[PDB]
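Asks: Structure file start_13.cif, mmCIF, N, CA and C atoms, is pasted below:
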```
data_start
#
loop_
_atom_site.label_atom_id
_atom_site.label_comp_id
_atom_site.auth_asym_id
_atom_site.auth_seq_id
_atom_site.Cartn_x
_atom_site.Cartn_y
_atom_site.Cartn_z
N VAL A 1 0.86 -1.22 0.00
CA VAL A 1 0.00 0.00 0.00
C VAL A 1 0.88 1.25 0.00
N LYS A 2 0.38 2.35 -0.51
CA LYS A 2 1.19 3.59 -0.53
C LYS A 2 0.38 4.77 0.00
N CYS A 3 1.03 5.86 0.29
CA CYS A 3 0.31 7.06 0.82
C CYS A 3 0.81 8.32 0.11
N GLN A 4 0.28 8.61 -1.05
CA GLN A 4 0.73 9.83 -1.78
C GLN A 4 0.61 11.06 -0.89
N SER A 5 1.11 12.17 -1.34
CA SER A 5 1.00 13.41 -0.53
C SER A 5 -0.47 13.63 -0.14
N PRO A 6 -0.67 14.13 1.04
CA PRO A 6 -2.05 14.37 1.54
C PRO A 6 -2.68 15.56 0.81
N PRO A 7 -3.98 15.52 0.72
CA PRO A 7 -4.72 16.61 0.05
C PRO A 7 -4.78 17.83 0.97
N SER A 8 -5.24 18.94 0.47
CA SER A 8 -5.32 20.15 1.34
C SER A 8 -6.40 19.95 2.41
N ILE A 9 -6.56 20.90 3.28
CA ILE A 9 -7.60 20.76 4.34
C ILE A 9 -8.32 22.06 4.60
N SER A 10 -9.10 22.07 5.64
CA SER A 10 -9.87 23.29 6.00
C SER A 10 -9.05 24.55 5.74
N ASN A 11 -9.23 25.17 4.60
CA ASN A 11 -8.47 26.41 4.29
C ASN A 11 -7.01 26.27 4.72
N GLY A 12 -6.50 25.06 4.75
CA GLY A 12 -5.08 24.86 5.16
C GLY A 12 -4.35 24.05 4.09
N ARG A 13 -3.11 23.72 4.33
CA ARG A 13 -2.33 22.93 3.32
C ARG A 13 -1.49 21.86 4.01
N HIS A 14 -0.81 21.06 3.24
CA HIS A 14 0.04 19.98 3.83
C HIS A 14 1.45 20.03 3.23
N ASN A 15 2.46 19.96 4.06
CA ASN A 15 3.85 20.01 3.53
C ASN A 15 4.81 19.30 4.49
N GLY A 16 4.86 18.00 4.44
CA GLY A 16 5.79 17.25 5.34
C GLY A 16 7.21 17.32 4.78
N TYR A 17 7.77 16.19 4.44
CA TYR A 17 9.16 16.19 3.89
C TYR A 17 9.28 15.15 2.77
N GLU A 18 8.20 14.85 2.10
CA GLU A 18 8.27 13.85 0.99
C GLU A 18 7.02 13.96 0.12
N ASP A 19 6.91 13.14 -0.89
CA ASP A 19 5.72 13.20 -1.78
C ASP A 19 5.19 11.80 -2.07
N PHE A 20 5.55 10.84 -1.25
CA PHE A 20 5.07 9.45 -1.48
C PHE A 20 4.97 8.69 -0.16
N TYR A 21 4.35 9.27 0.83
CA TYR A 21 4.23 8.57 2.14
C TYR A 21 3.69 7.16 1.91
N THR A 22 3.78 6.30 2.88
CA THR A 22 3.28 4.90 2.70
C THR A 22 2.40 4.48 3.87
N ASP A 23 2.99 4.28 5.01
CA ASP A 23 2.19 3.86 6.19
C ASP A 23 2.96 4.18 7.47
N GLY A 24 2.29 4.68 8.47
CA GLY A 24 2.99 5.04 9.73
C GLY A 24 3.69 6.38 9.53
N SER A 25 3.34 7.08 8.48
CA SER A 25 3.97 8.41 8.21
C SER A 25 3.08 9.53 8.75
N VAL A 26 3.56 10.74 8.74
CA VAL A 26 2.73 11.86 9.26
C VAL A 26 3.01 13.14 8.49
N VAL A 27 2.07 14.04 8.46
CA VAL A 27 2.29 15.31 7.71
C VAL A 27 1.86 16.52 8.53
N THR A 28 2.78 17.37 8.85
CA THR A 28 2.39 18.57 9.60
C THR A 28 1.63 19.50 8.66
N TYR A 29 0.34 19.52 8.77
CA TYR A 29 -0.46 20.38 7.85
C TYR A 29 -0.20 21.85 8.15
N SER A 30 -0.74 22.74 7.36
CA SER A 30 -0.53 24.19 7.61
C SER A 30 -1.86 24.93 7.46
N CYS A 31 -2.05 25.99 8.20
CA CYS A 31 -3.33 26.74 8.10
C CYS A 31 -3.07 28.18 7.64
N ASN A 32 -3.99 28.75 6.91
CA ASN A 32 -3.79 30.15 6.43
C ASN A 32 -3.24 31.02 7.57
N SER A 33 -2.49 32.03 7.25
CA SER A 33 -1.92 32.91 8.31
C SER A 33 -3.05 33.46 9.20
N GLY A 34 -3.26 32.86 10.34
CA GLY A 34 -4.34 33.35 11.25
C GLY A 34 -5.14 32.16 11.78
N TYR A 35 -5.08 31.04 11.11
CA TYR A 35 -5.85 29.86 11.58
C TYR A 35 -4.93 28.91 12.37
N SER A 36 -5.36 28.48 13.52
CA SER A 36 -4.52 27.56 14.34
C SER A 36 -4.62 26.13 13.83
N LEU A 37 -3.53 25.40 13.90
CA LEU A 37 -3.56 23.98 13.45
C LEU A 37 -3.89 23.08 14.64
N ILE A 38 -5.10 22.63 14.74
CA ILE A 38 -5.46 21.75 15.89
C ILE A 38 -5.24 20.28 15.52
N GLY A 39 -4.78 19.49 16.44
CA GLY A 39 -4.52 18.05 16.14
C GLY A 39 -3.14 17.67 16.66
N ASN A 40 -2.55 16.62 16.15
CA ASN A 40 -1.20 16.24 16.63
C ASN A 40 -0.14 16.76 15.66
N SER A 41 -0.25 18.01 15.32
CA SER A 41 0.72 18.66 14.38
C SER A 41 1.32 17.64 13.41
N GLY A 42 0.50 16.96 12.66
CA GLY A 42 1.04 15.96 11.71
C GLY A 42 -0.02 14.90 11.40
N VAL A 43 -0.45 14.79 10.17
CA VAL A 43 -1.46 13.74 9.84
C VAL A 43 -0.83 12.38 10.11
N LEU A 44 -1.53 11.32 9.88
CA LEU A 44 -0.92 9.98 10.10
C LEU A 44 -1.42 8.98 9.06
N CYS A 45 -0.67 8.80 8.00
CA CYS A 45 -1.09 7.82 6.97
C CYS A 45 -0.71 6.41 7.41
N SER A 46 -1.68 5.61 7.74
CA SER A 46 -1.38 4.22 8.20
C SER A 46 -2.17 3.20 7.38
N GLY A 47 -1.49 2.42 6.57
CA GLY A 47 -2.20 1.40 5.75
C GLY A 47 -2.64 2.01 4.41
N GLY A 48 -2.00 3.06 3.99
CA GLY A 48 -2.37 3.69 2.69
C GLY A 48 -3.60 4.59 2.89
N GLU A 49 -3.86 5.00 4.10
CA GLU A 49 -5.04 5.87 4.35
C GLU A 49 -4.71 6.95 5.38
N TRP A 50 -4.68 8.19 4.98
CA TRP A 50 -4.37 9.28 5.94
C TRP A 50 -5.44 9.32 7.04
N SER A 51 -5.04 9.51 8.27
CA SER A 51 -6.05 9.55 9.36
C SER A 51 -5.70 10.60 10.42
N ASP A 52 -6.60 10.83 11.33
CA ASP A 52 -6.37 11.83 12.42
C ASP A 52 -5.60 13.04 11.91
N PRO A 53 -6.25 13.79 11.07
CA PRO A 53 -5.67 15.01 10.50
C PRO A 53 -6.02 16.21 11.39
N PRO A 54 -5.10 17.13 11.50
CA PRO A 54 -5.34 18.33 12.34
C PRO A 54 -6.29 19.29 11.64
N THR A 55 -6.73 20.31 12.32
CA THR A 55 -7.69 21.27 11.69
C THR A 55 -7.07 22.65 11.52
N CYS A 56 -7.73 23.50 10.79
CA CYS A 56 -7.22 24.88 10.59
C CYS A 56 -8.33 25.85 10.97
N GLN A 57 -8.50 26.06 12.24
CA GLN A 57 -9.58 26.97 12.70
C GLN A 57 -8.98 28.21 13.38
N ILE A 58 -9.79 29.02 14.01
CA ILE A 58 -9.25 30.22 14.70
C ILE A 58 -9.33 29.99 16.21
N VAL A 59 -8.22 29.88 16.87
CA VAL A 59 -8.26 29.62 18.34
C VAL A 59 -8.14 30.91 19.14
N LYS A 60 -9.20 31.61 19.32
CA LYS A 60 -9.10 32.84 20.13
C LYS A 60 -10.03 32.71 21.34
N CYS A 61 -9.51 32.31 22.46
CA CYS A 61 -10.37 32.12 23.67
C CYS A 61 -10.90 33.45 24.19
N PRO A 62 -11.92 33.34 25.00
CA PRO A 62 -12.56 34.52 25.62
C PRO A 62 -11.64 35.14 26.67
N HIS A 63 -11.76 34.69 27.88
CA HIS A 63 -10.91 35.22 28.98
C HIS A 63 -10.90 34.21 30.12
N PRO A 64 -9.74 33.90 30.59
CA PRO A 64 -9.63 32.92 31.68
C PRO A 64 -9.99 33.59 33.01
N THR A 65 -11.24 33.90 33.20
CA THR A 65 -11.66 34.56 34.48
C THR A 65 -12.11 33.50 35.48
N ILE A 66 -12.58 33.91 36.61
CA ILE A 66 -13.05 32.91 37.61
C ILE A 66 -13.53 33.60 38.89
N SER A 67 -14.20 32.87 39.74
CA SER A 67 -14.72 33.47 41.01
C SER A 67 -13.57 33.92 41.92
N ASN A 68 -12.90 34.99 41.57
CA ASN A 68 -11.78 35.51 42.42
C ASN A 68 -10.51 34.66 42.27
N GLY A 69 -10.62 33.47 41.75
CA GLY A 69 -9.40 32.61 41.60
C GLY A 69 -8.69 32.92 40.28
N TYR A 70 -8.70 34.16 39.87
CA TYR A 70 -8.03 34.56 38.59
C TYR A 70 -6.68 33.90 38.42
N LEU A 71 -5.99 34.31 37.40
CA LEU A 71 -4.64 33.75 37.14
C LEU A 71 -3.58 34.83 37.32
N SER A 72 -2.35 34.44 37.50
CA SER A 72 -1.28 35.46 37.70
C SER A 72 0.03 34.95 37.09
N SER A 73 -0.05 34.03 36.16
CA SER A 73 1.19 33.49 35.54
C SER A 73 1.35 34.00 34.11
N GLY A 74 0.34 33.87 33.31
CA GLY A 74 0.44 34.34 31.90
C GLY A 74 -0.94 34.69 31.36
N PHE A 75 -1.36 35.91 31.55
CA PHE A 75 -2.70 36.33 31.04
C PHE A 75 -2.58 37.58 30.17
N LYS A 76 -2.92 37.47 28.91
CA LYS A 76 -2.83 38.65 28.01
C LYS A 76 -4.24 39.07 27.57
N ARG A 77 -4.46 40.34 27.34
CA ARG A 77 -5.81 40.78 26.91
C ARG A 77 -6.38 39.80 25.88
N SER A 78 -5.52 39.15 25.15
CA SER A 78 -5.99 38.17 24.12
C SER A 78 -5.07 36.94 24.10
N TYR A 79 -5.62 35.79 23.81
CA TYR A 79 -4.78 34.55 23.77
C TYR A 79 -5.29 33.63 22.65
N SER A 80 -4.66 32.50 22.45
CA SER A 80 -5.11 31.57 21.37
C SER A 80 -4.39 30.23 21.48
N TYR A 81 -5.09 29.12 21.31
CA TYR A 81 -4.47 27.76 21.38
C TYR A 81 -3.20 27.75 22.25
N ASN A 82 -3.31 27.20 23.44
CA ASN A 82 -2.17 27.12 24.42
C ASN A 82 -2.26 28.28 25.42
N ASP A 83 -1.17 28.94 25.70
CA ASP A 83 -1.23 30.06 26.69
C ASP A 83 -1.87 29.55 27.97
N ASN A 84 -1.20 28.67 28.66
CA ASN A 84 -1.76 28.10 29.92
C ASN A 84 -1.81 29.16 31.02
N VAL A 85 -2.99 29.55 31.43
CA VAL A 85 -3.09 30.56 32.52
C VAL A 85 -3.24 29.87 33.87
N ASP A 86 -2.30 30.06 34.75
CA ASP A 86 -2.41 29.42 36.10
C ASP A 86 -3.36 30.25 36.95
N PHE A 87 -4.31 29.63 37.60
CA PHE A 87 -5.27 30.43 38.41
C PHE A 87 -4.82 30.58 39.86
N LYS A 88 -4.57 31.80 40.25
CA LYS A 88 -4.14 32.09 41.64
C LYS A 88 -5.37 32.32 42.51
N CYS A 89 -5.84 31.31 43.18
CA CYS A 89 -7.04 31.49 44.03
C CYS A 89 -6.90 32.73 44.90
N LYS A 90 -7.79 33.68 44.75
CA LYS A 90 -7.70 34.91 45.57
C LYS A 90 -7.74 34.55 47.06
N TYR A 91 -6.76 34.97 47.82
CA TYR A 91 -6.75 34.65 49.28
C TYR A 91 -6.68 33.14 49.53
N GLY A 92 -6.77 32.75 50.76
CA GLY A 92 -6.69 31.30 51.12
C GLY A 92 -7.95 30.56 50.64
N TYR A 93 -8.26 30.67 49.38
CA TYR A 93 -9.46 29.96 48.83
C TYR A 93 -9.00 28.77 47.99
N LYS A 94 -9.86 27.80 47.79
CA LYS A 94 -9.46 26.62 46.98
C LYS A 94 -10.02 26.76 45.56
N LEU A 95 -9.28 26.36 44.57
CA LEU A 95 -9.80 26.50 43.18
C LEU A 95 -10.62 25.26 42.81
N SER A 96 -11.91 25.32 42.99
CA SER A 96 -12.75 24.15 42.63
C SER A 96 -12.77 24.00 41.10
N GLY A 97 -12.00 23.09 40.57
CA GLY A 97 -11.98 22.91 39.09
C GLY A 97 -10.55 22.66 38.60
N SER A 98 -9.88 23.68 38.15
CA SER A 98 -8.48 23.50 37.64
C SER A 98 -7.66 24.77 37.86
N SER A 99 -6.63 24.70 38.66
CA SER A 99 -5.79 25.90 38.91
C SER A 99 -4.84 26.18 37.74
N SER A 100 -5.02 25.51 36.64
CA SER A 100 -4.11 25.75 35.47
C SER A 100 -4.82 25.40 34.16
N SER A 101 -5.34 26.38 33.47
CA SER A 101 -6.04 26.10 32.18
C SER A 101 -5.23 26.66 31.02
N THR A 102 -5.76 26.60 29.83
CA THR A 102 -5.00 27.11 28.67
C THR A 102 -5.92 27.51 27.52
N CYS A 103 -5.57 28.55 26.81
CA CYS A 103 -6.40 29.01 25.66
C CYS A 103 -6.39 27.93 24.57
N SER A 104 -7.27 26.97 24.66
CA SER A 104 -7.29 25.87 23.65
C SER A 104 -7.58 26.37 22.24
N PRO A 105 -7.53 25.43 21.33
CA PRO A 105 -7.76 25.72 19.91
C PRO A 105 -9.24 25.83 19.58
N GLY A 106 -10.08 25.91 20.57
CA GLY A 106 -11.52 26.03 20.28
C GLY A 106 -12.03 27.35 20.86
N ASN A 107 -11.13 28.26 21.13
CA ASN A 107 -11.53 29.58 21.70
C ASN A 107 -12.12 29.38 23.09
N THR A 108 -11.33 28.97 24.04
CA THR A 108 -11.87 28.76 25.41
C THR A 108 -10.75 28.55 26.43
N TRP A 109 -11.12 28.21 27.63
CA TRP A 109 -10.10 28.00 28.70
C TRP A 109 -10.25 26.59 29.29
N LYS A 110 -9.48 25.66 28.79
CA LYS A 110 -9.57 24.26 29.30
C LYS A 110 -8.33 23.92 30.14
N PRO A 111 -8.52 23.12 31.16
CA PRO A 111 -9.86 22.57 31.49
C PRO A 111 -10.75 23.66 32.08
N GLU A 112 -12.00 23.36 32.30
CA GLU A 112 -12.95 24.37 32.85
C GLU A 112 -12.27 25.27 33.89
N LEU A 113 -12.43 26.56 33.76
CA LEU A 113 -11.82 27.50 34.75
C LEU A 113 -12.04 26.97 36.17
N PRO A 114 -11.16 27.37 37.04
CA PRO A 114 -11.23 26.92 38.45
C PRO A 114 -12.20 27.79 39.25
N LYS A 115 -12.48 27.40 40.47
CA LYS A 115 -13.42 28.19 41.32
C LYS A 115 -12.79 28.46 42.68
N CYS A 116 -12.42 29.68 42.95
CA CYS A 116 -11.81 29.99 44.28
C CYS A 116 -12.88 29.86 45.36
N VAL A 117 -12.76 28.84 46.16
CA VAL A 117 -13.75 28.60 47.24
C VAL A 117 -13.06 28.64 48.59
N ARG A 118 -13.78 28.33 49.62
CA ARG A 118 -13.16 28.35 50.95
C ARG A 118 -13.01 26.92 51.48
#
```
As structure tokens, how would this structure be written, given the file I've shared?

Replies:
Amino acid sequence: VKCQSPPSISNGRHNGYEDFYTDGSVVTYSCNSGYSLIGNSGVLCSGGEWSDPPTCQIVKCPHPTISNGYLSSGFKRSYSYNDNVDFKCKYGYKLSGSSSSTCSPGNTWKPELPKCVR
């Protein structure tokens, strides 16, 4: 079985390091300047069939806010895919949820923002 170069994708493209993949190979796809590449940064042609291909969407999360348990490690007026914001529970409060989230590739803060509780 063989795996020719992968076809284009969601407004994105593919450019690994060859033009005749076969099996167990991978291709780091590319997204238009502005679209985030979601997935395992590399398609996976296994058995002559490309699989688990990444996406080319816009990863612009809202804001990693929370009940006083805001973050104090890396928070910018704007973020996108990654940018893990650590949540500093305001005062001796506990963060019910996750004290460390990140601007995922779906425009959000995963895991679910934390909750500063007592």

Asks: Evaluated on this file, the PyMOL selection byres ((chain A and resi 17) around 7) picks out some residues - which ones are they, written as a list in words?

Replies: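 Applying the expression gives residues 15, 16, 18, 19, 20, 26, 27 and 28 of chain A.
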
Asks: Once DSSP has gone over the backbone, tell me which residues of chain A are in strand (DSSP E or B), as an NGL selection string.

Replies: :A and (9 or 12-14 or 25 or 29-31 or 36-38 or 44-45 or 50-51 or 55-57 or 71 or 82-87 or 94-95 or 100-104 or 108-110 or 116-117)

Asks: Assuming the chain letters and numbering stay as they are in my file, what does the PyMOL selection byres ((chain A and resi 83) around 7) actually select? List them as a PDB file with N, CA and C atoms, in the coordinates of the input.

Replies:
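Resulting contents of result.pdb:
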```pdb
ATOM      1  N   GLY A  74       0.340  33.870  33.310  1.00  0.00           N
ATOM      2  CA  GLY A  74       0.440  34.340  31.900  1.00  0.00           C
ATOM      3  C   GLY A  74      -0.940  34.690  31.360  1.00  0.00           C
ATOM      4  N   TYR A  79      -5.620  35.790  23.810  1.00  0.00           N
ATOM      5  CA  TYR A  79      -4.780  34.550  23.770  1.00  0.00           C
ATOM      6  C   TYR A  79      -5.290  33.630  22.650  1.00  0.00           C
ATOM      7  N   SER A  80      -4.660  32.500  22.450  1.00  0.00           N
ATOM      8  CA  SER A  80      -5.110  31.570  21.370  1.00  0.00           C
ATOM      9  C   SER A  80      -4.390  30.230  21.480  1.00  0.00           C
ATOM     10  N   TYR A  81      -5.090  29.120  21.310  1.00  0.00           N
ATOM     11  CA  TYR A  81      -4.470  27.760  21.380  1.00  0.00           C
ATOM     12  C   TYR A  81      -3.200  27.750  22.250  1.00  0.00           C
ATOM     13  N   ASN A  82      -3.310  27.200  23.440  1.00  0.00           N
ATOM     14  CA  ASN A  82      -2.170  27.120  24.420  1.00  0.00           C
ATOM     15  C   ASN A  82      -2.260  28.280  25.420  1.00  0.00           C
ATOM     16  N   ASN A  84      -1.200  28.670  28.660  1.00  0.00           N
ATOM     17  CA  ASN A  84      -1.760  28.100  29.920  1.00  0.00           C
ATOM     18  C   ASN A  84      -1.810  29.160  31.020  1.00  0.00           C
ATOM     19  N   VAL A  85      -2.990  29.550  31.430  1.00  0.00           N
ATOM     20  CA  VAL A  85      -3.090  30.560  32.520  1.00  0.00           C
ATOM     21  C   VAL A  85      -3.240  29.870  33.870  1.00  0.00           C
ATOM     22  N   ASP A  86      -2.300  30.060  34.750  1.00  0.00           N
ATOM     23  CA  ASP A  86      -2.410  29.420  36.100  1.00  0.00           C
ATOM     24  C   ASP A  86      -3.360  30.250  36.950  1.00  0.00           C
ATOM     25  N   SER A 101      -5.340  26.380  33.470  1.00  0.00           N
ATOM     26  CA  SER A 101      -6.040  26.100  32.180  1.00  0.00           C
ATOM     27  C   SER A 101      -5.230  26.660  31.020  1.00  0.00           C
ATOM     28  N   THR A 102      -5.760  26.600  29.830  1.00  0.00           N
ATOM     29  CA  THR A 102      -5.000  27.110  28.670  1.00  0.00           C
ATOM     30  C   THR A 102      -5.920  27.510  27.520  1.00  0.00           C
ATOM     31  N   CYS A 103      -5.570  28.550  26.810  1.00  0.00           N
ATOM     32  CA  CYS A 103      -6.400  29.010  25.660  1.00  0.00           C
ATOM     33  C   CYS A 103      -6.390  27.930  24.570  1.00  0.00           C
ATOM     34  N   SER A 104      -7.270  26.970  24.660  1.00  0.00           N
ATOM     35  CA  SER A 104      -7.290  25.870  23.650  1.00  0.00           C
ATOM     36  C   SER A 104      -7.580  26.370  22.240  1.00  0.00           C
TER      37      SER A 104
END
```

Asks: Can you turn the PyMOL selection byres ((chain A and resi 11) around 8) into a concrete residue list for this file, as an MDAnalysis selection string?

Replies: chainID A and resid 8:10 12:13 30:33 35 55:57

Asks: Near residue A:1, counting only C-alpha atoms, which residues have an atom at most 9 Å away, once you skip same-chain residues fewer than 4 positions from it, shown as a list in words?

Replies: residues 22, 23, 47, 48 and 49 of chain A

Asks: Could you state the separation of atom N of residue A:111 and atom CA of residue A:98 in Å, given to one decimal place?

Replies: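 Between these atoms lies a distance of 6.5 Å.
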